[PDB]
């Protein structure tokens, strides 16, 4: 229960504020079309996972 | 006599490397004009054409 | 059933003074990768360089 | 007048995928596509390998 | 099968090697549209200075310029009347799609 509390708390205090990070802007011809349909010009280098 | 092939290329002596244009591949190529941003361009890119 | 094609502005305007180009430049632009404004600045800075 | 916000650059989420692989069918080697497509797709294809 | 490959990306090494093996074993005709290359037309006496595995033709980055070579064998003089017969068969895989 206490777990949830400190989860909730840590959310109730996420005063983080995003600022644009390192961001590559790939030349369009170098990307496979399945990726090109997805990309909006530029992405963060830390793409993460989807 | 014995010339197998006679092509018409861009004049490399004119379109010099002072302009940044290589012509050894038979087409003009320029190193860093249309380039990805946030990474190195990579060798032998077709954009160089 | 349509046929897509370029049409030079010269083919419609009789006023020659405001016509500096042709199909050529559009055809060239077709070869270009779509360019983020930052890439456009990189290109201009390079041609300047 | 206030230090109301931290200013992180590449934010971490509250949730993540976690993956257990079956060692017998998994290949230890990192997957390699084209360099660009790996810069984007790569962290994913390696997680859901 | 006149197979057409628009985009090599994401293709497995197994699948590619199998397509090639199908070109050789089943006489598949495999167009690959995604290759951008710069041909150099060699004369027969200069041979082929620069070589290309089928593997590299299949697995090269989508944006990179390949550099193929193509012989013009118009100026190759006839064999002598008594040169030994050739049992072997010279073979070829890569061709241009356009002039």
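Chains as they are written, first to last, in full-length UniProt numbering: chain A, 248 to 297; chain B, 199 to 247; chain C, 940 to 988; chain D, 150 to 198; chain E, 1137 to 1235. Note that the Cβ used here is the ideal one computed from N, Cα and C, for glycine as well.
**Prompt:** When burial is assigned at 16 or more other CB atoms within 10 Å of the CB, is residue 1192 (chain E) buried or exposed?
**Reply:** The residue given as residue 1192 (chain E) occupies position 56 in the fifth chain. Exposed is the call here.
**Request:** Report the rounded CA-to-CA distance for residue 238 (chain B) versus residue 186 (chain D), giving the unit in angstroms.
**Result:** Start at 1 with the first residue of the second chain, and residue 238 (chain B) comes out as number 40. Start at 1 with the first residue of the fourth chain, and residue 186 (chain D) comes out as number 37. Near 15 Å, if we compare the C-alpha coordinates of residue 186 (chain D) and residue 238 (chain B).
**Request:** Flag this pair as yes or no: are the beta carbons of residue 1175 (chain E) and residue 1204 (chain E) separated by less than 8 Å?
**Result:** The residue labelled residue 1175 (chain E) in the question sits at position 39 within the fifth chain. The residue labelled residue 1204 (chain E) in the question sits at position 68 within the fifth chain. Going by C-beta atoms, residue 1175 (chain E) is nearer than 8 Å to residue 1204 (chain E).
**Item:** Cut-off 6 Å between Cβ atoms - residues of its own chain near residue 271 (chain A), not counting five sequence neighbours on either side
**Value:** As a working note, residue 271 (chain A) is residue 24 in the first chain. Excluding positions up to five away in sequence, the list reads 292.
**Item:** Candidates B:207, B:204 and B:231: closest to residue 218 (chain B) by CA position
**Value:** As a first step, residue 218 (chain B) must be located in the second chain, where it is residue number 20. Residue 218 (chain B) has its Cα closest to that of B:231, out of B:207, B:204 and B:231.
**residue 280 (chain A), DSSP secondary structure in three states** = Stepping through the first chain from its first residue, residue 280 (chain A) is reached at position 33. If DSSP states are grouped into helix, strand and coil, residue 280 (chain A) belongs with the helices.
**Request:** With 8 Å as the threshold, decide whether the Cβ of residue 1198 (chain E) is near any Cβ in chain A.
**Result:** Taking the fifth chain and counting its residues from 1, the one referred to as residue 1198 (chain E) is at position 62. Interface residue, yes.
**Prompt:** For residue 1166 (chain E), does the three-state DSSP call read helix, strand or coil?
**Reply:** Start at 1 with the first residue of the fifth chain, and residue 1166 (chain E) comes out as number 30. Looking at residue 1166 (chain E) - three-state DSSP - the assignment turns out to be strand.
**Message:** Let's test the definition: count the other Cβ atoms within 10 Å of the Cβ of residue 244 (chain B) and tell me whether it reaches 16, buried, or not, exposed.
**Reply:** Numbered from its first residue, the second chain carries residue 244 (chain B) at position 46. Burial call: buried.
**Message:** By the DSSP assignment, the beta strand (DSSP E) with residue 1177 (chain E) in it spans what residues?
**Reply:** In the fifth chain, counting from the first residue as 1, residue 1177 (chain E) sits at position 41. Counting along the chain, the beta strand (DSSP E) containing residue 1177 (chain E) begins and ends at 1176–1178.
**Prompt:** Below 8 Å, can you find three or more Cβ-Cβ pairs linking the stretch 207–226 of chain B to the stretch 258–278 of chain A?
**Reply:** no
**Request:** Examine chain A for any beta-carbon lying closer than 8 Å to the beta-carbon of residue 960 (chain C), and answer yes or no.
**Result:** Mapped onto the third chain, residue 960 (chain C) falls at position 21. Taking Cβ atoms only, chain A never reaches closer than 8 Å to residue 960 (chain C), which makes this a no.
**Item:** Among B:213, B:200 and B:234, the one whose alpha carbon lies nearest that of residue 227 (chain B)
**Value:** Residue 227 (chain B) sits at position 29 when you count from the first residue of the second chain. Taking only the C-alpha atoms, the option nearest residue 227 (chain B) is B:213.
**Message:** Along the stretch 286–297 of chain A, where does the CB come closer than 9 Å to a CB of chain D? Name the residues.
**Reply:** 286, 290, 291, 292, 293, 294, 295, 296 and 297
**Message:** Here's the rule: buried if 16 or more other CB atoms are within 10 angstroms of the residue's CB, otherwise exposed. What is residue 1151 (chain E)?
**Reply:** Walking along the fifth chain from the start, residue 1151 (chain E) turns up at place 15. That one is exposed.
**Message:** Against chain B, with Cβ distances strictly below 8 Å, would residue 965 (chain C) count as a contact?
**Reply:** The sequence position of residue 965 (chain C) within the third chain is 26, counting from 1. By this cut-off, residue 965 (chain C) is not an interface position.
**Message:** According to DSSP, simplified to helix, strand and coil, what is residue 978 (chain C)?
**Reply:** For the purposes of this step, residue 978 (chain C) is taken as the residue at position 39 of the third chain. In this structure, residue 978 (chain C) counts as helix in the three-state DSSP scheme.
**Asked** CB residue 183 (chain D) to CB residue 1190 (chain E), shorter than 8 Å?
**Response** The residue you call residue 183 (chain D) lines up with position 34 of the fourth chain. The residue you call residue 1190 (chain E) lines up with position 54 of the fifth chain. No.
**Asked** Would you call the CB atoms of residue 1141 (chain E) and residue 1168 (chain E) closer than 8 Å?
**Response** Residue 1141 (chain E) sits at position 5 when you count from the first residue of the fifth chain. Residue 1168 (chain E) sits at position 32 when you count from the first residue of the fifth chain. Their beta carbons are under 8 Å apart, which means residue 1141 (chain E) touches residue 1168 (chain E) by this criterion.
**Message:** Let me see if you follow: with CB-CB separation under 8 Å, is residue 151 (chain D) close to chain E or not?
**Reply:** Here residue 151 (chain D) is taken as the residue at index 2 of the fourth chain, counted from 1. So, not an interface residue.
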